[PDB]
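Here is the structure we will look at.
Protein chains in written order, with my numbering: chain D, 17 to 181; chain L, 447 to 605; chain R, 153 to 318; chain Z, 447 to 605.
Quick look at the structure:
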């Protein structure tokens with residue numbers, strides 16, 4: 017048969033600074049979809065909205081619903097765009113669900129809204145997409161051009177960066 | 447792991463300030479990426495890749511061999527990216543390196559460019575893939591020996 | 153002599169949505185300076201900072217100070233970038249200063265920060281620069297591709313537009 | 447006053463597919479300008495202005511004459527903007543209109559372009575200047591009969 021390009025990555029959007037839209041800022045349409053629109057993909061990426069909340073407003077119940085959506089996807093490569101304030105809490109929660117054992121689940125986002133000049137967003141999305149495809153099964157944070165183990169990571173609010181504990 | 451980036455020109459770096467090859471766009475993207483790790487950028491060429499000769503490819507291969515880093519990104523034009531990747535794939539000196547070639551179909555300084563996404567994807571690939579030579583474009587990893595540029599499609603494709 | 157390009161326009165910056173930047177957004181460096189940097193001007197434009205306040209927070213005293221900077225300029229063509237929330241109050245105040253009688257003074261700004269995609273800012277700066285050069289002496293607001301008389305204008309916060317009192 | 451905008455191509459409108467002339471950039475700028483007044487945009491040409499003949503200039507003159515509006519902006523390439531402007535300045539049919547020509551030295555779809563600024567400036571000029579034909583570029587108003595394009599300066603300059 018003629019070659020069929022697969023679509024092995026599914027993306028979930030859960031809000032955050034990456035998606036803030038001043039058109040100060042509040043959470044608008046997912047910025048990840050703008051980046052993939054112009055990525056000239058060989059395949060395609062299904063993109064599904066889970067939430068538009070600021071990550072500091074996430075409850076235990078919000079994390080559980082995200083775990084259930086991730087767990088029910090047919091894809092084994094998952095990228096979750098999210099705010100950076102509670103990305104570590106969501107990542108640690110997902111890491112303790114056995115329903116995710118066979119999946120590579122990467123969380124990412126941006127410190128500068130994608131719709132603001134000089135944003136890290138487009139770089140981070142490309143980096144995180146590749147990380148979701150290439151890393152062994154597990155839950156990871158992809159930021160600053162590297163991979164973080166959620167159990168050994170914290171968000172430094174002052175410096176706007178993830179760092180090792 | 448420490449990453450070394452080489453720039454050999456191409457559409458990704460075309461500037462209009464038609465277009466012609468300007469300063470490497472990858473340096474603009476990495477500047478706002480807020481990187482944690484060791485990364486350095488080295489300029490090799492501003493040629494349009496259609497003009498690359500066998501001697502240009504051999505010079506690229508020796509330059510990549512000068513890097514002690516084992517994770518390499520080369521930004522390049524798409525017209526002869528496959529020829530450079532296949533040549534590099536046959537150099538025994540590079541056998542322990544992960545070498546990824548990437549670029550852009552639209553200049554990074556033009557609106558709606560794939561460049562920033564491609565640079566992020568390619569940086570991860572150069573850090574995560576096993577030793578070998580790869581093209582990272584269109585959100586996937588190509589094997590150079592089994593890839594061509596399909597000008598009809600506007601994409602790299604498997605042979 | 154070899155021709156000398158004049159610099160007949162002076163720009164003052166007083167903050168506003170036009171200048172908001174990520175650090176939500178807050179008032180950063182003047183966006184008007186980024187627009188003029190790439191405008192390939194034949195002349196130049198002297199750009200002076202007066203304030204980084206959100207315009208809601210401007211007092212009687214803030215307006216009086218802006219009136220003094222504008223009045224002491226040598227140039228007779230002046231653009232003031234400003235927040236839109238109290239642009240009408242500033243414009244009305246300047247309109248009552250006899251020291252500005254021979255000057256063309258235009259206020260402008262943006263409803264979307266210049267550093268955000270799909271901003272009105274660069275258009276508004278070009279339109280307002282031309283308005284400051286070409287209108288008769290007076291005080292005006294240049295927004296939405298037109299010229300408003302501050303005495304007959306209000307900001308519609310709800311609608312995001314300047315409009316007449318008709 | 448109602449403004450009519452004509453697009454005749456030029457660097458301002460060049461897009462990636464080097465660059466070639468694409469959809470009018472003026473329509474992208476006016477879409478986000480939150481305009482209060484009446485403005486309409488009409489496409490005339492996508493030529494590079496070096497290729498315009500005396501017949502092309504005469505066609506542009508009659509198109510401008512078809513507008514009932516008295517305030518006109520024409521976006522154009524800079525290579526023969528002076529030739530078009532001088533030609534229009536000699537048409538008695540246009541004597542009651544304010545006709546402003548503008549464009550950009552960098553395409554509007556390229557980073558660090560003069561285009562958006564030039565469009566705002568030129569729209570104001572078309573609304574505010576006395577009847578006549580003008581070039582609005584570099585934040586000033588040029589008299590076409592006393593203007594040249596100085597490729598050495600990269601600016602229009604007075605004679």
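Note that the Cβ used here is the ideal one computed from N, Cα and C, for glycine as well.
Which residues in chain D have a C-beta closer than 8 Å to the C-beta of residue i? List them in chain order.
{"i": "residue 571/L", "result": "146 and 150"}
So what's residue i in DSSP terms, helix, strand or just coil?
{"i": "residue 498/L", "result": "coil"}
{"i": "residue 175/R", "result": "coil"}
{"i": "residue 96/D", "result": "strand"}
{"i": "residue 583/L", "result": "strand"}
{"i": "residue 412/L", "result": "Any question about residue 412/L goes unanswered here, given that chain L covers just 447 to 605."}
{"i": "residue 20/D", "result": "coil"}
{"i": "residue 176/R", "result": "coil"}
{"i": "residue 558/L", "result": "coil"}
{"i": "residue 201/R", "result": "strand"}
{"i": "residue 154/D", "result": "strand"}
{"i": "residue 480/Z", "result": "coil"}
When the Cα of residue i is compared with those of the options, which residue comes out closest?
{"i": "residue 566/Z", "options": "585/Z, 493/Z and 487/Z", "result": "585/Z"}
{"i": "residue 98/D", "options": "87/D, 88/D, 111/D and 127/D", "result": "127/D"}
{"i": "residue 564/Z", "options": "187/R, 242/R and 289/R", "result": "187/R"}
{"i": "residue 249/R", "options": "224/R, 219/R and 265/R", "result": "219/R"}
{"i": "residue 117/D", "options": "154/D, 138/D and 180/D", "result": "154/D"}
{"i": "residue 90/D", "options": "20/D, 171/D and 24/D", "result": "24/D"}
{"i": "residue 170/R", "options": "293/R, 192/R, 180/R and 292/R", "result": "180/R"}
{"i": "residue 539/Z", "options": "512/Z, 530/Z and 558/Z", "result": "512/Z"}
{"i": "residue 179/D", "options": "150/D, 69/D, 103/D and 136/D", "result": "103/D"}
{"i": "residue 47/D", "options": "135/D, 156/D, 40/D and 18/D", "result": "135/D"}
{"i": "residue 152/D", "options": "66/D, 93/D, 72/D and 41/D", "result": "93/D"}
{"i": "residue 231/R", "options": "211/R, 202/R, 208/R and 266/R", "result": "202/R"}
{"i": "residue 583/Z", "options": "156/R, 176/R, 190/R and 185/R", "result": "190/R"}
{"i": "residue 60/D", "options": "73/D, 22/D and 172/D", "result": "22/D"}
{"i": "residue 529/Z", "options": "601/Z, 499/Z, 473/Z and 573/Z", "result": "499/Z"}
{"i": "residue 268/R", "options": "31/D, 26/D and 36/D", "result": "36/D"}
{"i": "residue 596/Z", "options": "553/Z, 524/Z and 482/Z", "result": "524/Z"}
Using a Cβ cut-off of 8 Å, pull out every chain L residue sitting near residue i, in sequence order please.
{"i": "residue 141/D", "result": "563 and 566"}
How would you list, in chain order, the residues of chain R whose beta-carbon sits under 9 Å from the beta-carbon of residue i?
{"i": "residue 521/Z", "result": "The premise fails here: residue 521/Z is roughly 13 Å from chain R at the closest Cβ pair, so nothing lies under 9 Å."}
Where do the ends of the beta strand (DSSP E) carrying residue i lie?
{"i": "residue 532/L", "result": "Residue 532/L -> not in any beta strand (DSSP E); alpha helix (DSSP H) instead, spanning 527 to 535."}
{"i": "residue 187/R", "result": "Element bounds for residue 187/R: not the beta strand (DSSP E) but the alpha helix (DSSP H), 183 to 189."}
{"i": "residue 256/R", "result": "256 to 260"}
{"i": "residue 169/R", "result": "No beta strand (DSSP E) contains residue 169/R, which DSSP labels as neither H nor E."}
If you follow the alpha helix (DSSP H) that residue i is part of, which residue opens it and which one closes it?
{"i": "residue 603/L", "result": "Here residue 603/L belongs to no alpha helix (DSSP H); instead the beta strand (DSSP E) covers 601 to 604."}
Could you list which residues in chain R have their beta carbon closer than 8 Å to that of residue i, in chain order?
{"i": "residue 601/Z", "result": "192 and 194"}
List the residues of chain D whose Cβ lies closer than 7 Å to the Cβ of residue i, in chain order.
{"i": "residue 267/R", "result": "132 and 133"}
{"i": "residue 517/L", "result": "Near residue 517/L there are no residues of chain D at all, since even the closest Cβ is about 11 Å away, more than 7 Å."}
{"i": "residue 264/R", "result": "38 and 39"}
Residues of chain L with a CB under 7 Å from the CB of residue i: which are they?
{"i": "residue 465/Z", "result": "462, 464 and 465"}
Residues of chain Z with a CB under 7 Å from the CB of residue i: which are they?
{"i": "residue 304/R", "result": "The contacting residues do not exist; residue 304/R stays about 14 Å from chain Z at best."}
{"i": "residue 272/R", "result": "478, 479 and 480"}
Quick one: list the residues of chain Z neighbouring residue i, beta-carbon separation under 9 Å, in chain order.
{"i": "residue 155/R", "result": "603 and 604"}
Which chain D residues are close to residue i, counting only those with a beta carbon under 9 Å from its beta carbon?
{"i": "residue 585/L", "result": "25, 52, 55, 56, 57, 58, 59, 61, 142, 145, 146 and 149"}
**OP:** Decide yes or no for the touch test of the region 280 to 300 of chain R against the region 251 to 270 of chain R: beta carbon pairs closer than 8 Å, at least 3 of them.
**Re:** In this structure the region 280 to 300 of chain R lies against the region 251 to 270 of chain R, because at least three pairs of beta carbons, one per stretch, are closer than 8 Å.
Subject >> Three-pair Cβ contact test at 8 Å for the region 163 to 174 of chain D versus the region 581 to 599 of chain L >> reply: Touching, no.
**OP:** Assess, as a yes-or-no matter, whether the region 102 to 113 of chain D is touched by the region 75 to 90 of chain D under the definition of 3 or more beta carbon pairs within less than 8 Å.
**Re:** Of all C-beta pairs linking the region 75 to 90 of chain D to the region 102 to 113 of chain D, three or more are shorter than 8 Å, placing the two stretches in contact.
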